[PDB]
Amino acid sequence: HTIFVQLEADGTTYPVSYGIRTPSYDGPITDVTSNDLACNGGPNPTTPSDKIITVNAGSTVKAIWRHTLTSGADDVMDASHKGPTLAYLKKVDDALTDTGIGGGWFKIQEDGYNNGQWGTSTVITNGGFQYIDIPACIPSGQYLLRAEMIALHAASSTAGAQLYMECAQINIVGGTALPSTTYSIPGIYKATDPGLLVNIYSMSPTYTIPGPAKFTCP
C-alpha cells in the first residue's frame, strides 16, 4: 500500500500532490484490464491538479513514494511487498485534460529482480526514491509520467499481483522524435503474464518484467 506523492525534477522537489493526480486512499489496482490501470482511480479516486511540472529532457527525475500522503521516510511500503518498479511516458496535447487511458505509452524505466533484490525493496530502503531517466531525444511538450510499483507477495493466484501507480503532469523542455512503437494502458499487461502470475518464493537469485521493452534513444 503506497502512493507516488511528490516529484523532484530539475533540482526542485515539489510539494505533496503538486502536479500529481494522487488518491487519498493507498489501495491497489488488481484488474489489469481496467481503465483504472492508466492513472489509478476506481476504488482509489484521485484528486485533480491544475499544476504542470517543468522537466528537462535527458535529466533524471525522482518519483517519491509514501505509504500515505503525510507519511515519512520510514513508511514507504510494507517490506513484504516485493516486486518491480516501472515508469512510462505518454505525449499529450494538454496534461490538464488527458486521462492517460488508451494508447501512446512508452516504457522509460524498469527495475526487476537483481541477484535477490527487488526494485520495490530498493525504493523502500533508499528513502522512497524511484530514479527515472527522461530520454534526451524526445520532443518538447506536455506528457504524463506514470510511475508504478508492483507487489507480488500474493501473486501466485490470478489477479493477486497488486499494482500502485500515479500520473504526474509534466512539460518536457529541450533532432527530436518520439519512439517508433507505443502501447496501450490498459493493454500492456495480462493476468497470465509470467511477471504477474508468479510465485516469488520459489526464485533463487530470471524474472520477466511485465510490459513492453524499454525505449532507448536511437
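In this text, residue numbers run from 1 along the sequence as written.
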{"property": "Between neighbours residue 175 and residue 174, residues that the deposited sequence lists but the model omits", "result": "1 to 3"}
{"property": "Between neighbours residue 206 and residue 205, residues that the deposited sequence lists but the model omits", "result": "1 to 3"}
{"property": "Given 49-57 and 176-184, the range whose Cα B-factors average higher in the PDB entry", "result": "176-184"}
{"property": "Stretch with the higher entry mean CA B-factor, where the candidates are 162-170 and 38-46", "result": "38-46"}
{"property": "Candidate set 128, 116, 100, 84 [ranked by C-alpha B-factor, highest]", "result": "116"}
{"property": "Relative C-alpha B-factor of residue 66, binned into the chain's lowest, middle or highest third", "result": "lowest"}
{"property": "Third of the chain, ranked by Cα B-factor, where residue 151 sits", "result": "lowest"}
{"property": "Within-chain third of residue 197 by Cα B-factor, per the entry", "result": "highest"}
{"property": "Residue 136 CA temperature factor, ranked by third within the chain", "result": "highest"}
{"property": "Position of residue 24 among the chain's modelled residues by C-alpha B-factor, lowest, middle or highest third", "result": "highest"}
